[PDB]
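Enquirer: I have a structure here, written as structure tokens, and I will follow up with some questions on it.
Protein chains: 2
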Amino acid sequence: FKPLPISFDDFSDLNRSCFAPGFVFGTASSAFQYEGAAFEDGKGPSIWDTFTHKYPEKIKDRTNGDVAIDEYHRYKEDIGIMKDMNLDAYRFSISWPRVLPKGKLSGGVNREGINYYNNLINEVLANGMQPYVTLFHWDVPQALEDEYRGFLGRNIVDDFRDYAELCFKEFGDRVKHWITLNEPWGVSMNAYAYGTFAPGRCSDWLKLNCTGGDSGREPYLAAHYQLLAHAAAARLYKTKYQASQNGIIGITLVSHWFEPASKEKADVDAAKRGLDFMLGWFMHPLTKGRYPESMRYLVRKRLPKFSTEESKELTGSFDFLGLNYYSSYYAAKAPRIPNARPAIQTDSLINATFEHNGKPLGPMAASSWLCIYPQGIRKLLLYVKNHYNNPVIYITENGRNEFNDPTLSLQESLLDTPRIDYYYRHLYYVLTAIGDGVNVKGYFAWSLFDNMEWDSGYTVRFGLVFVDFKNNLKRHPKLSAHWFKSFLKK
Amino acid sequence: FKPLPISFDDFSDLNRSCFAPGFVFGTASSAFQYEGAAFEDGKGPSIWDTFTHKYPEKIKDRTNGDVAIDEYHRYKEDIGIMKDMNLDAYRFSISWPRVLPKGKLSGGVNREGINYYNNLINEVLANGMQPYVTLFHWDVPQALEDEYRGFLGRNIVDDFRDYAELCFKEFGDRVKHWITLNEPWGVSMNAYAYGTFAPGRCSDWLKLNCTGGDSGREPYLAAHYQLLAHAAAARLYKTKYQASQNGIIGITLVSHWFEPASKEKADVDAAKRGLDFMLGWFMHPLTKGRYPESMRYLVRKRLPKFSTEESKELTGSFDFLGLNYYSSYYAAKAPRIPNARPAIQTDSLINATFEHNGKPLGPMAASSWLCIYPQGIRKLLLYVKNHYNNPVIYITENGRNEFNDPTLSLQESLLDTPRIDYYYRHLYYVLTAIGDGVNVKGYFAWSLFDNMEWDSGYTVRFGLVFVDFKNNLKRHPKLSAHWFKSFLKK
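Structure (structure tokens):
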């Protein structure tokens, strides 16, 4: 580490002029969290649609995404806010079942679905911003879940290649930045290892009230098919559409920073395994066509294998890496319990905590897994540069939350100084990583507006802009929106 | 609650123009934490001097206050920083054993000791600031501890009246704001109930490695004599010095906000008892000449009694209240354990926590008792106004800390955005209390510089200005110092 020649003599010294003139600043979202219109204009149901209405008790506040923040009908006002804030880009996702209601290409193409994304894309570009588009953001068409168990069936790869091709042909003339998948670790672990996400599967002996499953086998299956789906969509783009469209394609991975519990070799080795089982799971295959050695050694037979052809297709199939960072953990070696039933969470032999002898690594945000350690982003960034031959990186999500509290007045709800604290220190550490040679090209805040946080429902708020859910979903910019607008003003 | 007509459209909208033009903004400190020169220019030893060298294992990092930040020799530079920052006042304490080395007036007056405070007082006033002086800030002369057990002996009252008179005669011509005691709750509980502060006493059965004591009796004795000492000094000032000196005298009390765990009557009643045993302990006697009913009912015989004359002297003996606020707790009723040995901590029958069904009240700072809940200051302020007939209030301490971390570079150490967050929201809530009729006249931040935090040693940092303890105690203003200077600039 070696500091930055700045001199933070005023609070206003940290702004966009500190970054290269070409650095991209934007905000991110997903279709299920923002759009609304779940049954409208020919859209078919996703697994998240089904999960929330079938099992309301699996959602903290027993809510759903039928209306969400209604971006479907409010997109002009939303883009208007972005333009006023001086943003450079917008990262959003396309709903698979909105364009192809039955999943398969032979089920029919929803023309009205295609029209919505054309309107959104043209609005983004007309307001001096560039669209960064995510193909899959956890909303598997219900038809494919019913037919072959969605991402647990090999059938998903061919159907996902067809979906990607439809988006490339229809929107490819305007969209020059594509993202195939959004956080395959999250899907694998929360949908198949813990059971908190749709379809809510996990091993029965864990007593997490799951809908069937196996946490020692299914998470690995879901991750393997997700990687094959990515390779299919990425190879199609490069071989048939990249020479005429002139854009780039990548993938978004999520990772935490794992800090050794002590200086001991066992604790040093545990942190490394944490990174291998979270980040390495997806980056090894993407750069080398095989899983990390530690996963191969400790999972043995339960870890799927790539064919020769699958390895060739995967190796190097990305123009950039989309990195998502939020939290950090302390990692210590966990001893092998004799006769333990297999599960992905215990397979790595790590004890992950937020303290070392009762002393905290940092304070917590409203989500119980999010520990604030700004140094983690810089250390994660240097790990990617040094272990994965210095790829081009875009930070595709970064942020924190607060609790939804009905006793607070509007004025009180808009004074989000902890979020300002969070962005200031994380942005400082991104700048130090750039100083040390990391190829970071952009940064996207999660999120512009308050929204549904998956299984947590509307009990937490992640936005820069407050949404009044009791009065026609009114948009009320928080103090952090005004602060970010000033940061971006020259 | 009803908001403030402001409109926090920019971050710079919260400044000193939001407060009345006469509102006082300053910073606070104590003699043991800042001065240094512990054995120099005729000063005698305090109980804190003795405690740290005798028992280095009772201090987290095994440190002492011999040098501290050396304000004794560096006071001109320290006042210089304050003047550059646009502050209105400085709250500091006078060391009892520096002016009277043997405690008693018949032990001799240290002339050199008197000269230091004359130099400091004249420097404060010459730099356009007013001194707010604390007579006792936990540094009991060792001579009086040796002779009659300091604040556990009735002999302390007469000696404390003599000390106060010396300060009034010598410094009274320039000092118009006097504070008799600093946090008698802290002394009573930490020195006699838990054993963490000098002289480190507590009940042997608690297994806290104390130096002797009784937690069911001594804390009550120490608090009773502290109140008698205050009354003696306050009555002397008003009857003999106030008509010619034209100043005012008060006392500084510390209190947390106690939030009911649930809506249940038992939880509502537990929060009230929390306030009675912490704040009420000292405010009841000061306004009514008797302890709160709940303390009288649950402590019975172990609670000392005031004579008729002592009640008359105490009732109304303060011109203003010095209030110290830092943290908030959730309070729930605790059941009576059959056969429990008596202790002040269990006497109130309350279970105090920082969570309700695992959900946090707020995040924690570096000190394990400090939970961040900005609403607490406003609720505490309204409680004082409504229960204690609307006194004149000065907030004499408010702030947060971070850990001393040797792996961080200087630049990294100066980016104290969490402290900015802490002052912004607490200052907003002070403004709302003023709006609802509380008579708040000033606010003092704890503290300007990093210093020794009693039994925690130098493991935590509370300042707006970083002190480099490895390089001639160099002063390096943090981002929060620059932010506070801008807040105070018009």
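If you're matching them up, the sequences are chains P and S in order. For the first sequence, position 401 matches number 401 in this note's numbering, and the numbering has no gaps at all. Start counting at 1 in the second sequence, then tack on 490, and there's your number in this note's numbering. Note that the Cβ used here is the ideal one computed from N, Cα and C, for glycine as well.
(1) By the 8 Å beta-carbon criterion, what residues does the segment 908-933 of chain S contribute toward chain P?
(2) Apply the 10 Å Cβ neighbour rule to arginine 588 of chain S and answer buried if 16 or more other Cβ atoms are within range, or exposed otherwise.
(3) Any idea what DSSP makes of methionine 364 of chain P, helix, strand or coil?
(4) Sort S:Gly597, S:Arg868 and S:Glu673 by Cα distance to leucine 717 of chain S and report the nearest one.
(5) Spell out a yes or no on whether the segment 159-177 of chain P and the segment 231-243 of chain P are touching, meaning 3 or more CB-CB pairs, one atom from each, closer than 8 Å.
(6) Under 7 Å Cβ-Cβ, which residues of chain P neighbour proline 493 of chain S?
(7) According to the neighbour-count rule (16 or more other Cβ atoms, all chains shown, within 10 Å of its Cβ), is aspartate 629 of chain S buried or exposed?
(8) In chain order, which continuous runs of the alpha helix (DSSP H) of length 4 or greater are located wholly inside the segment 319-400 of chain P?
(9) May I ask you to report which of helix, strand or coil DSSP gives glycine 172 of chain P?
(10) For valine 465 of chain P, which residues does DSSP report across the bridge?
(11) Smallest Cα separation from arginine 965 of chain S: which of S:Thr553, S:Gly570, S:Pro535 and S:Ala579?
(12) Given this structure, state the Cα-to-Cα distance separating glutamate 310 of chain P from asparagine 324 of chain P, to the nearest angstrom.
(13) Residues of the segment 474-490 of chain P with a CB closer than 8 Å to any CB of chain S: list them in chain order, please.
(14) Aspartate 319 of chain P and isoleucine 248 of chain P: beta carbons closer than 8 Å?
(15) Express the C-alpha separation of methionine 768 of chain S and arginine 74 of chain P in angstroms, rounding to a whole number.
(16) Mind pulling the chain S residues with CB within less than 7 Å of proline 363 of chain P?
(17) Which partner residues of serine 46 of chain P appear in the DSSP bridge assignment?
(18) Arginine 235 of chain P lies in the alpha helix (DSSP H); which residues open and close that run?
(19) Please check the pair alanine 28 of chain P and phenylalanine 487 of chain P, which I expect to be a contact at CB under 8 Å, by giving their CB distance rounded to whole angstroms.
(20) Just tell me which of S:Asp499, S:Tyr873, S:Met575 and S:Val623 has its CA closest to the CA of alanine 923 of chain S.
(21) Nearest-angstrom Cα distance between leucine 448 of chain P and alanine 688 of chain S?
(22) Within this structure, are the beta carbons of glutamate 561 of chain S and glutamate 525 of chain S separated by less than 8 Å?
(23) Can you tell me whether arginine 419 of chain P is buried or exposed? The criterion is at least 16 other CB atoms within 10 Å of its CB, across all chains shown.
(24) Just to confirm, is the Cβ distance from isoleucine 179 of chain P to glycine 322 of chain P under 8 Å?
(25) Less than 8 Å between the beta carbons of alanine 266 of chain P and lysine 207 of chain P, yes or no?
(26) Chain P beta carbons: is any one of them nearer than 8 Å to that of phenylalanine 498 of chain S?
(27) Kindly indicate if chain S contains any beta-carbon less than 8 Å away from that of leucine 208 of chain P.
(28) Give me the Cβ distance between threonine 252 of chain P and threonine 346 of chain P, rounded to the nearest whole Å; I'm assuming they're in contact under 8 Å.
(29) With C-beta atoms as the reference, is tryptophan 675 of chain S less than 8 Å away from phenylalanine 529 of chain S?
(30) Measure from the C-beta of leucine 415 of chain P to each C-beta in chain S and report whether the shortest distance is under 8 Å.
(31) Less than 6 Å between C-beta atoms, sequence neighbours within five positions excluded: which residues of the same chain meet that for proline 342 of chain P?
(32) From which residue to which residue does the beta strand (DSSP E) around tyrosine 622 of chain S run?
(33) What first and last residue would you give for the alpha helix (DSSP H) that runs through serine 497 of chain S?
(34) For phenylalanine 541 of chain S, which residues from the same chain have a beta carbon less than 6 Å from its beta carbon, with the 5 sequence-adjacent residues on both sides left out?
(35) Could you list the residues in the segment 501-532 of chain S with a C-beta less than 8 Å from some C-beta on chain P, going in chain order?
(36) Using 8 Å as the threshold, is the segment 911-922 of chain S in touch with the segment 867-882 of chain S, meaning 3 or more CB pairs across them?
Expert: Reading it off the structure:
(1) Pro908, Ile910, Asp911, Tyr914, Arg915 and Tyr918
(2) For the purposes of this step, residue 588 of chain S is taken as the residue at position 98 of the second sequence. The residue in question, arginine 588 of chain S, is buried, as its Cβ has 16 or more Cβ neighbours within 10 Å.
(3) Locating residue 364 of chain P in the first sequence gives position 364, counting from the first residue. Reduced to three states, the DSSP call for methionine 364 of chain P is strand.
(4) Residue numbering aside, residue 717 of chain S sits at position 227 when the second sequence is read from its first letter. Out of S:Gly597, S:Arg868 and S:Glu673, S:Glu673 has the C-alpha closest to the C-alpha of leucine 717 of chain S.
(5) yes
(6) Position 3 of the second sequence, counting from 1, holds the residue named residue 493 of chain S. Those are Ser409 and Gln411, listed as they occur along chain P.
(7) Numbered from 1 along the second sequence, position 139 holds the residue referred to as residue 629 of chain S. Classification of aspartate 629 of chain S: buried, given that the 10 Å Cβ count is 16 or more.
(8) 344-347 and 375-387
(9) On the first sequence, position 172 is the one that residue 172 of chain P refers to. The answer is coil: DSSP assigns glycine 172 of chain P none of H, G, I, E or B.
(10) In the first sequence, residue 465 of chain P corresponds to position 465, counting from 1. Looking at the DSSP assignment, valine 465 of chain P forms a beta bridge with P:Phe449 and P:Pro477.
(11) Your numbering for residue 965 of chain S matches position 475 in the second sequence. Measuring from the Cα of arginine 965 of chain S, the nearest candidate turns out to be S:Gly570.
(12) Along the first sequence, read from residue 1 onward, the residue named residue 310 of chain P stands at position 310. Along the first sequence, read from residue 1 onward, the residue named residue 324 of chain P stands at position 324. Taking the straight line joining both Cα atoms gives about 26 Å.
(13) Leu479, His482, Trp483 and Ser486
(14) If you number the first sequence from 1, residue 319 of chain P lands on position 319. If you number the first sequence from 1, residue 248 of chain P lands on position 248. Going by C-beta atoms, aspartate 319 of chain P is nearer than 8 Å to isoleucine 248 of chain P.
(15) Walking along the first sequence from the start, residue 74 of chain P turns up at place 74. Walking along the second sequence from the start, residue 768 of chain S turns up at place 278. Roughly 53 Å separates the two Cα atoms.
(16) Sequence index remark: in the first sequence, residue 363 of chain P carries index 363 (1-based). In chain order: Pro853 and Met854.
(17) Position 46 of the first sequence, counted from the first residue, corresponds to residue 46 of chain P. According to DSSP, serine 46 of chain P bridges with P:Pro141.
(18) Here the question's residue 235 of chain P lines up with position 235 in the first sequence. First-last of the alpha helix (DSSP H) with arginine 235 of chain P: 218-236.
(19) Against the first sequence, residue 28 of chain P aligns to sequence position 28. Against the first sequence, residue 487 of chain P aligns to sequence position 487. At roughly 17 Å, the Cβ-Cβ gap does not stay under 8 Å, so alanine 28 of chain P and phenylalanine 487 of chain P are not in contact.
(20) In the second sequence, the residue the question calls residue 923 of chain S occupies position 433. The shortest C-alpha separation from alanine 923 of chain S is found at S:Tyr873.
(21) Numbered from 1 along the first sequence, position 448 holds the residue referred to as residue 448 of chain P. Numbered from 1 along the second sequence, position 198 holds the residue referred to as residue 688 of chain S. Whole-angstrom Cα-Cα distance: 52 Å.
(22) To locate residue 561 of chain S, count along the second sequence from 1; it is residue 71. To locate residue 525 of chain S, count along the second sequence from 1; it is residue 35. Closer than 8 Å, so yes.
(23) For the purposes of this step, residue 419 of chain P is taken as residue 419 along the first sequence, with counting starting at 1. So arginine 419 of chain P counts as buried.
(24) Mapped onto the first sequence, residue 179 of chain P falls at position 179. Mapped onto the first sequence, residue 322 of chain P falls at position 322. Against a cut-off of 8 Å, the Cβ pair of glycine 322 of chain P and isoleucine 179 of chain P comes out as a contact.
(25) The count along the first sequence starts at 1 and reaches residue 266 of chain P at position 266. The count along the first sequence starts at 1 and reaches residue 207 of chain P at position 207. Their beta carbons are not under 8 Å apart, which means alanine 266 of chain P does not touch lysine 207 of chain P by this criterion.
(26) Within the second sequence, the letter at position 8 stands for residue 498 of chain S. At least one chain P Cβ lies under 8 Å of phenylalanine 498 of chain S.
(27) Here residue 208 of chain P refers to the residue found at position 208 of the first sequence. Judged by the 8 Å Cβ criterion, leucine 208 of chain P is not in contact with chain S.
(28) By 1-based counting over the first sequence, the position of residue 252 of chain P is 252. By 1-based counting over the first sequence, the position of residue 346 of chain P is 346. Between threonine 346 of chain P and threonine 252 of chain P the Cβ distance is about 27 Å, and since that is not below 8 Å, they are no contact.
(29) Sequence index remark: in the second sequence, residue 675 of chain S carries index 185 (1-based). Sequence index remark: in the second sequence, residue 529 of chain S carries index 39 (1-based). No.
(30) Here the question's residue 415 of chain P lines up with position 415 in the first sequence. Closer than 8 Å: yes.
(31) Residue numbering aside, residue 342 of chain P sits at position 342 when the first sequence is read from its first letter. Here the set comprises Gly216.
(32) Taking the second sequence and counting its residues from 1, one reaches residue 622 of chain S at position 132. Segment 620-626, the beta strand (DSSP E) holding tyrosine 622 of chain S.
(33) Looking up residue 497 of chain S in the second sequence gives position 7. Unbroken run through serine 497 of chain S: none, as it is neither H nor E.
(34) Stepping through the second sequence from its first residue, residue 541 of chain S is reached at position 51. If we look at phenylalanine 541 of chain S and ignore the five residues flanking it on each side, its Cβ neighbours are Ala688.
(35) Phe501
(36) yes
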